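Count the sequence shown with the entry's author numbering and you get residues 1 to 126, in order.
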Amino acid sequence: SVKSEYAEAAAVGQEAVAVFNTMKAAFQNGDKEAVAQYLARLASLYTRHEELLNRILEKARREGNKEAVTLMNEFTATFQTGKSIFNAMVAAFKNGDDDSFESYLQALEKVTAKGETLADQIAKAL
Ligand SMILES: Nc1cccc(Oc2ccccn2)c1
């Protein structure tokens, strides 16, 4: 069902949270070889999550589930906010700009935390 597909998407999101916190520890310790690998891992994870979310939204639309569509349109928009911040973080890493990396890291955390009440609302709506 769309609901079990959302639970699968939610687990993929939690994997990115796990790899993100590990990466943050690695960055603070200056283990840039680890950070590079974790950033690659996170990129693939976000690509997957983004695809799952789009499929879920498209299915909610085909099902005429207006409330779930509204919530998923709001949540996907905020996902792109997180994604653009991630990508700028990756660029800051490539450039050796640790001040920007730190800024982007904290922002991506606040964007993610903010978008959690919505994420729980979608689970219930599908
Ligand atoms: N593409 C992308 C990459 C990193 C973080 C991010 O933020 C998120 C993740 C889930 C919900 C809201 N924002 C999105």
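Heads up, the beta-carbon is just placed ideally off N, CA and C, and yes, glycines get one too.
Pairwise C-alpha distance: residue j and residue i
i	j	result
residue 29	residue 47	27 Å
residue 21	residue 55	27 Å
residue 16	residue 40	11 Å
residue 122	residue 71	6 Å
residue 18	residue 111	16 Å
residue 65	residue 59	9 Å
residue 63	residue 49	21 Å
residue 13	residue 36	20 Å
residue 107	residue 124	27 Å
Assumed close pair residue i, residue j - CB separation to whole angstroms, cut-off 8 Å
i	j	result
residue 116	residue 52	Not quite, the Cβ-Cβ distance comes to about 17 Å (not below 8 Å), so this is no contact.
residue 74	residue 118	6 Å
residue 84	residue 92	The pair is not a contact, with the Cβ atoms about 13 Å apart (cut-off 8 Å).
residue 76	residue 57	6 Å
Check whether residue i and residue j have beta carbons under 9 Å apart
i	j	result
residue 34	residue 26	yes
residue 3	residue 126	yes
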